Amino acid sequence: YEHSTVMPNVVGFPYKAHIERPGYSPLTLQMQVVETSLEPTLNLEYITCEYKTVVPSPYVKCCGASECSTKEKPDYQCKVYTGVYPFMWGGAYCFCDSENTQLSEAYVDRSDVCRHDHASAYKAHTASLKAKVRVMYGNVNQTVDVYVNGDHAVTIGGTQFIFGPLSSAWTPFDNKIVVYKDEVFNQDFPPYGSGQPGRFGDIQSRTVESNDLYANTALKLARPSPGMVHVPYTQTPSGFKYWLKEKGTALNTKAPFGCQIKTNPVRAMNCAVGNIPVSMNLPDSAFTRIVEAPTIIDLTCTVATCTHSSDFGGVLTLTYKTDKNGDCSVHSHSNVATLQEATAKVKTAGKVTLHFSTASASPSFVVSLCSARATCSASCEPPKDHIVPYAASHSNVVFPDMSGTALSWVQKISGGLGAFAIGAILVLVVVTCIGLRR
Amino acid sequence: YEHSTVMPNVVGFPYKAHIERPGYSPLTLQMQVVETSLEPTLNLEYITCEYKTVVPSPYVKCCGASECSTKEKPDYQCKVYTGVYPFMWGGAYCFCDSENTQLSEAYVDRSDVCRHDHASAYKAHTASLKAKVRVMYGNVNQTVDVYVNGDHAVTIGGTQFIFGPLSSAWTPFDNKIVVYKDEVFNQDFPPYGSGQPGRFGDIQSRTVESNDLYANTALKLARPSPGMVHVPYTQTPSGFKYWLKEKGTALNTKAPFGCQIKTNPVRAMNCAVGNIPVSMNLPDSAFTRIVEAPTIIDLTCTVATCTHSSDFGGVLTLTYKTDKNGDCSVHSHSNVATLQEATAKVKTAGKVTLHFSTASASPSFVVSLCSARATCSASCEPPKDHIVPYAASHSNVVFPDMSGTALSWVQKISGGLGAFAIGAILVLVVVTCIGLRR
Amino acid sequence: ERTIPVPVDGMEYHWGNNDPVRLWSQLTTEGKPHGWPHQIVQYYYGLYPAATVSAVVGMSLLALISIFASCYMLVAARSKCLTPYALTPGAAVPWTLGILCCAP
Ligand SMILES: *[C@@H]1O[C@H](CO)[C@@H](O[C@@H]2O[C@H](CO)[C@@H](O)[C@H](O)[C@H]2NC(C)=O)[C@H](O)[C@H]1NC(C)=O
Ligand SMILES: *[C@@H]1O[C@H](CO)[C@@H](O)[C@H](O)[C@H]1NC(C)=O
Ligand SMILES: *[C@@H]1O[C@H](CO)[C@@H](O)[C@H](O)[C@H]1NC(C)=O
């Protein structure tokens with residue numbers, strides 16, 4: 001037997017799915033979602049870490065001149081300064097008074113801890129969904145890990161289940177994101193090879209192990225002070241530290257729909273949105289034929305107490321006449337109210353009691369026990385509390401039944417005015433007809 | 001200086017770009033593409049390989065029965081048969097004539113070679129692009145590997161280039177592909193857990209090193225023939241070999257736009273489609289001052305021979321008069337005809353020759369030498385070779401110039417008809433006016 | 001001290017190093033939903049203000065236009081019935097007609 005249904009994608013909400021075919025008693029399947037995961041496909045662009053400046057000892061030539069040649073190093077800066085008189089602790093370093101020359105140079109290379117402290121720039125793409133689903137029916141209780149994409153087909157107790165695809169193509173990640181430690185940010189980054197000093201991405205590398213590097217930190221050298229041996233340089237501070245100081249607000253404290261961001265790998269969990277279609281193929285061993293099922297005749301429904309709240313604040317009793325003790329499948333055919341149990345023990349006593357939850361002042365819904373059906377109308381008072389810690393266990397609906405008190409009053413007023421209008425139009429019709437007969 | 005342009009995505013087509021700015025002589029840049037790569041991002045679904053049917057030695061119990069318990073193995077099939085009298089080469093096996101019991105079992109596992117030979121199922125997504133471009137200008141002639149993304153910024157001789165993004169999002173890969181050895185197939189595959197015997201996907205594993213396996217091959221057992229010691233089984237042949245036999249036509253010999261498909265990684269090469277935008281930033285050192293560039297006066301253009309063919313079948317001669325010898329950049333300001341040389345040498349003699357290719361019967365364009373411009377118009381004749389072994393080196397333009405023979409005849413006929421109609425209209429208007437006078 | 005708004009969807013707050021805590025709001029409001037019409041109106045307004053105000057004003061407008069149109073139609077019918085007597089010189093209206101409908 002093949003069946004299809006749609007279930008809401010909210011974690012912790014029980015779902016009762018009703019199955020009914022000729023020649024067998026109805027059945028109810030309990031389906032629940034324990035956790036959901038939404039992972040995007042990432043392709044790395046570059047990584048960034050802090051820098052370090054390599055500046056070797058200066059080369060002082062006494063009574064001579066020197067010239068330096070360009071090298072191929074990240075931000076290599078060299079200069080030759082003429083007319084210097086270095087000093088040391090003993091005395092003058094060079095005999096010649098003003099024929100000396102100091103050669104200076106420096107460059108920049110990635111830090112020695114770049115492998116342990118770095119930020120990665122990723123480009124997001126289409127995202128896939130994984131879920132963990134608990135299925136209960138009859139004597140079957142199992143949790144399975146499925147891919148919600150319309151491809152994975154799982155087998156629980158000889159029953160085939162296919163999930164997905166999700167009904168909404170929504171992801172919280174923007175096109176370009178940056179990942180650091182345990183945080184993701186929806187911040188655009190400069191393109192590779194075009195970084196700017198002082199800000200994010202001042203030094204760029206294709207990967208952690210790559211042997212090339214792009215650096216732009218505005219290294220400038222200065223002429224040494226007279227009577228001195230040193231190398232003065234000016235350079236904008238590391239852009240990575242500046243970014244770390246005022247990165248902004250993380251997506252963990254801003255992601256909508258209350259879903260939690262985790263890294264390694266990048267993923268978002270419990271992202272409550274949309275609904276999942278479920279296609280199911282059931283074997284005949286899980287059903288029960290009518291012959292070995294109890295027969296229910298003259299069953300009516302009434303409500304004891306109703307206070308609409310997020311809990312199961314509603315009790316309804318069912319009266320019936322049967323022929324043998326047994327178990328039956330009970331279900332509610334409308335989403336205005338949601339039941340809690342799925343199987344009920346029917347006995348010769350002729351009375352059962354069930355719990356339910358609702359969110360309308362006056363709910364009217366049809367319940368079914370085994371093959372028999374009945375209707376239930378109730379009036380529920382609002383609760384007195386204000387804040388509860390648990391989530392709602394009911395589908396949100398507020399529209400009352402047309403037989404409710406407010407609907408009754410509007411119907412009465414409308415009927416009175418309609419009768420008045422009908423009388424007026426009838427009077428006009430008869431008057432104009434007799435006038436035209438003249 | 002900042003400049004922008006567009007260049008066709010045809011491999012081996014010499015592109016010439018013109019840079020003109022106040023206060024400097026014009027410059028001509030040569031850009032060419034040597035190899036383009038297009039790689040889709042892939043996510044694995046499963047792999048398939050030939051299977052093996054493992055069946056152990058049968059169990060024989062003399063004067064005793066046995067019952068076998070199920071095991072969690074791929075397509076495990078176990079059965080017990082009663083009333084057997086097995087025979088060996090020595091003789092009978094047990095005294096009990098009809099009280100023996102045989103136990104047979106079999107299952108299916110992956111081949112010992114599946115690591116070295118398997119077919120992989122993949123899902124295709126948005127594809128990135130890689131390109132190799134050669135740039136020449138002045139005394140700079142270099143090749144560079146770039147991403148046509150709008151992100152990569154390359155530096156060549158102090159000039160910054162940025163390519164992309166491509167103007168046509170077209171990929172020769174379907175949503176689902178199957179890769180084997182060095183061929184890719186645009187075929188759909190059965191979903192995981194829903195394999196059918198005898199076709200592709202009879203056994204599926206999530207990866208090469210995984211331990212779980214999903215097999216469905218209809219392994220049915222049968223009773224042994226009397227007086228025998230063996231285990232008979234009927235199994236549908238392996239679907240992987242069946243697929244190998246009549247897989248179909250590979251995408252290697254079917255891909256449109258004439259681009260070659262290679263594997264490891266899955267990529268396409270030389271896919272001629274769309275055009276690439278180019279944004280460049282040049283330094284002021286690459287130009288030449290106007291005061292040192294020669295000044296051209298009284299420039300006229302004549303065409304000796306023309307033959308619109310894929311080769312450079314056309315020769316034009318320019319006459320001029322200068323003040324100093326030098327070298328100036330020559331360019332064609334239209335699209336109908338493309339030149340071959342970028343820079344030409346000008347001497348006091350006042351005559352230079354240029355080669356060009358075209359595809360229109362009557363091409364008319366503007367040729368700019370150094371700083372002056374002239375108009376070239378000529379008439380060509382078709383070639384005689386039906387088939388050539390090299391690609392066309394001209395942009396495909398066929399519409400003739402308005403000064404050509406055919407358009408001249410059309411204009412003459414139209415002008416005659418229009419003049420005669422105007423005369424008739426004037427005669428009628430004169431007649432109606434003189435009639436209205438009376 | 002701070003004030004945090006909690007809608008029906010819920011609020012999650014993080015304070016220091018403890019695990020984040022989530023809170024949800026029930027559907028509570030003043031008034032009684034099973035009494036006189038004003039109590040029902042005030043209960044619904046407490047639950048959803050703007051929609052209830054719009055519904056009430058629309059219902060009132062519809063009732064008013066219907067009653068006014070029907071009253072005008074009845075008045076026009078009376079006028080059409082009674083006009084031919086006034087145009088008749090002399091004559092009079094039967095007392096039954098003048099009692100059933102106000103005939104000056
Ligand atoms: C030796 O052979 C005898 C007879 O061939 C076996 O006795 C049989 O045992 C089975 C089960 O134990 C009974 O169902 C039969 O009725 C027995 N046969 C007779 C004639 O009594 C005996 O089990 C064999 N023992 C060994 C060790 O081979
Ligand atoms: C189903 O299994 C889970 C896991 O053991 C258990 O916590 C739960 O109570 C079971 N449900 C029923 C109805 O027994
Ligand atoms: C540019 O360099 C390549 C590399 O050898 C060479 O093949 C090509 O002819 C050069 N082009 C020019 C215009 O010199």
# chains A, B, ... in the order shown; residues from 1 in each chain; ligands from 1
>>> interface_residues(of="chain A", to="chain C", cutoff="7 Å", atoms="only C-alpha atoms", output="count of residues only")
16
>>> residues_near_ligand(ligand="ligand 1", cutoff="6 Å", atoms="only C-alpha atoms and all ligand atoms", output="VMD selection string")
chain B and resid 63 95 to 96
>>> write_last_selection(atoms="N, CA, C and O atoms", output="PDB file, in the first residue's frame")
ATOM      1  N   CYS B  63      20.515 -37.921  11.608  1.00  0.00           N
ATOM      2  CA  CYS B  63      19.542 -38.261  12.643  1.00  0.00           C
ATOM      3  C   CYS B  63      19.258 -37.082  13.566  1.00  0.00           C
ATOM      4  O   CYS B  63      19.068 -37.254  14.771  1.00  0.00           O
ATOM      5  N   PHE B  95      23.680 -43.321   8.700  1.00  0.00           N
ATOM      6  CA  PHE B  95      22.745 -44.446   8.727  1.00  0.00           C
ATOM      7  C   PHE B  95      21.307 -44.015   8.471  1.00  0.00           C
ATOM      8  O   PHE B  95      20.572 -44.703   7.754  1.00  0.00           O
ATOM      9  N   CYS B  96      20.875 -42.910   9.073  1.00  0.00           N
ATOM     10  CA  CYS B  96      19.473 -42.524   8.968  1.00  0.00           C
ATOM     11  C   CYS B  96      19.082 -42.325   7.512  1.00  0.00           C
ATOM     12  O   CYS B  96      19.622 -41.453   6.825  1.00  0.00           O
TER      13      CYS B  96
END
>>> residues_near_ligand(ligand="ligand 3", cutoff="7 Å", atoms="only C-alpha atoms and all ligand atoms", output="NGL selection string")
:B and (136 or 141-142)
>>> write_last_selection(atoms="C-alpha atoms", output="PDB file, in the first residue's frame")
ATOM      1  CA  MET B 136      51.517  41.414 -24.936  1.00  0.00           C
ATOM      2  CA  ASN B 141      54.871  39.242 -23.214  1.00  0.00           C
ATOM      3  CA  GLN B 142      53.550  37.009 -20.434  1.00  0.00           C
TER       4      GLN B 142
END
>>> residues_near_ligand(ligand="ligand 2", cutoff="10 Å", atoms="only C-alpha atoms and all ligand atoms", output="ChimeraX atom specification")
/A:30,134-143,341
>>> write_last_selection(atoms="C-alpha atoms", output="short mmCIF file (atom, residue, chain, number, x, y, z; two decimals), in the first residue's frame")
data_model
loop_
_atom_site.label_atom_id
_atom_site.label_comp_id
_atom_site.auth_asym_id
_atom_site.auth_seq_id
_atom_site.Cartn_x
_atom_site.Cartn_y
_atom_site.Cartn_z
CA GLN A 30 3.46 8.37 15.13
CA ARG A 134 11.50 8.66 15.20
CA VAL A 135 8.81 6.31 13.87
CA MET A 136 6.34 4.41 16.06
CA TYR A 137 3.54 2.09 15.01
CA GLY A 138 2.14 -1.10 16.45
CA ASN A 139 5.12 -2.68 18.19
CA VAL A 140 7.69 -0.66 16.23
CA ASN A 141 9.89 2.04 17.81
CA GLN A 142 12.94 3.19 15.85
CA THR A 143 14.94 6.31 15.04
CA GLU A 341 -2.65 8.93 22.43
#
>>> interface_residues(of="chain A", to="chain B", cutoff="6 Å", atoms="only C-alpha atoms", output="JSON list (two decimals) with N, CA, C and O atoms, in the first residue's frame")
[["chain", "number", "residue", "atom", "x", "y", "z"],
["A", 151, "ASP", "N", 15.66, 11.28, -2.31],
["A", 151, "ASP", "CA", 16.50, 10.20, -2.82],
["A", 151, "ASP", "C", 16.62, 9.05, -1.83],
["A", 151, "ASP", "O", 16.36, 7.90, -2.19],
["A", 152, "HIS", "N", 17.00, 9.33, -0.59],
["A", 152, "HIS", "CA", 17.18, 8.27, 0.39],
["A", 152, "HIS", "C", 15.87, 7.55, 0.64],
["A", 152, "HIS", "O", 14.81, 8.17, 0.76],
["A", 153, "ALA", "N", 15.93, 6.22, 0.69],
["A", 153, "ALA", "CA", 14.78, 5.38, 1.00],
["A", 153, "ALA", "C", 15.17, 4.46, 2.14],
["A", 153, "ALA", "O", 16.06, 3.62, 1.99],
["A", 191, "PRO", "N", 38.48, 40.90, -2.77],
["A", 191, "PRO", "CA", 38.91, 39.81, -3.65],
["A", 191, "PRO", "C", 40.39, 39.53, -3.51],
["A", 191, "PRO", "O", 41.17, 40.38, -3.08],
["A", 192, "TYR", "N", 40.78, 38.31, -3.88],
["A", 192, "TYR", "CA", 42.17, 37.90, -3.76],
["A", 192, "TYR", "C", 43.06, 38.75, -4.66],
["A", 192, "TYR", "O", 42.70, 39.08, -5.79],
["A", 193, "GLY", "N", 44.23, 39.11, -4.14],
["A", 193, "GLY", "CA", 45.17, 39.93, -4.87],
["A", 193, "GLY", "C", 44.89, 41.42, -4.84],
["A", 193, "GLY", "O", 45.63, 42.18, -5.47]]
>>> residues_around(residues="segment 108-110 of chain A", least_positions_apart="6", cutoff="7 Å", atoms="only C-alpha atoms", output="NGL selection string")
:A and (50-54 or 74-75)
>>> write_last_selection(atoms="N, CA, C and O atoms", output="CSV table (one decimal), in the first residue's frame")
chain,number,residue,atom,x,y,z
A,50,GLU,N,47.9,36.6,11.2
A,50,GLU,CA,48.7,37.7,11.6
A,50,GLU,C,50.0,37.6,10.8
A,50,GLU,O,50.4,36.5,10.4
A,51,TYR,N,50.7,38.7,10.7
A,51,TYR,CA,52.0,38.8,10.0
A,51,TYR,C,53.2,38.9,11.0
A,51,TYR,O,53.0,39.1,12.2
A,52,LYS,N,54.4,38.8,10.4
A,52,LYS,CA,55.6,39.1,11.1
A,52,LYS,C,56.6,39.7,10.1
A,52,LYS,O,56.6,39.4,9.0
A,53,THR,N,57.4,40.7,10.7
A,53,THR,CA,58.3,41.5,9.8
A,53,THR,C,59.7,40.9,10.0
A,53,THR,O,60.2,40.9,11.2
A,54,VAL,N,60.3,40.5,8.9
A,54,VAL,CA,61.7,40.0,9.0
A,54,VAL,C,62.6,41.2,8.5
A,54,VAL,O,62.5,41.6,7.4
A,74,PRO,N,57.6,38.7,-0.5
A,74,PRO,CA,56.4,39.5,-0.2
A,74,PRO,C,56.8,40.9,0.5
A,74,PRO,O,57.3,40.9,1.6
A,75,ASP,N,56.5,41.9,-0.3
A,75,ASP,CA,56.7,43.3,0.2
A,75,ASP,C,58.2,43.5,0.6
A,75,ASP,O,58.5,43.9,1.7
>>> residues_around(residues="residue 406 of chain B", least_positions_apart="5", cutoff="12 Å", atoms="only C-alpha atoms", output="mmCIF file with C-alpha atoms, in the first residue's frame")
data_model
loop_
_atom_site.group_PDB
_atom_site.id
_atom_site.type_symbol
_atom_site.label_atom_id
_atom_site.label_comp_id
_atom_site.auth_asym_id
_atom_site.auth_seq_id
_atom_site.Cartn_x
_atom_site.Cartn_y
_atom_site.Cartn_z
ATOM 1 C CA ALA B 361 31.985 41.280 -49.944
ATOM 2 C CA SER B 362 32.452 45.057 -49.556
ATOM 3 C CA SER B 379 35.728 45.016 -52.987
ATOM 4 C CA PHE B 399 26.326 42.513 -44.184
ATOM 5 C CA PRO B 400 27.912 44.635 -46.938
ATOM 6 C CA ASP B 401 28.714 48.326 -46.764
ATOM 7 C CA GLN B 411 19.639 52.819 -53.724
ATOM 8 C CA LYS B 412 19.467 53.846 -57.381
ATOM 9 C CA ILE B 413 16.230 51.929 -57.928
#
>>> residues_around(residues="residue 23 of chain B", least_positions_apart="3", cutoff="10 Å", atoms="only C-alpha atoms", output="ChimeraX atom specification")
/B:20,26,287-291
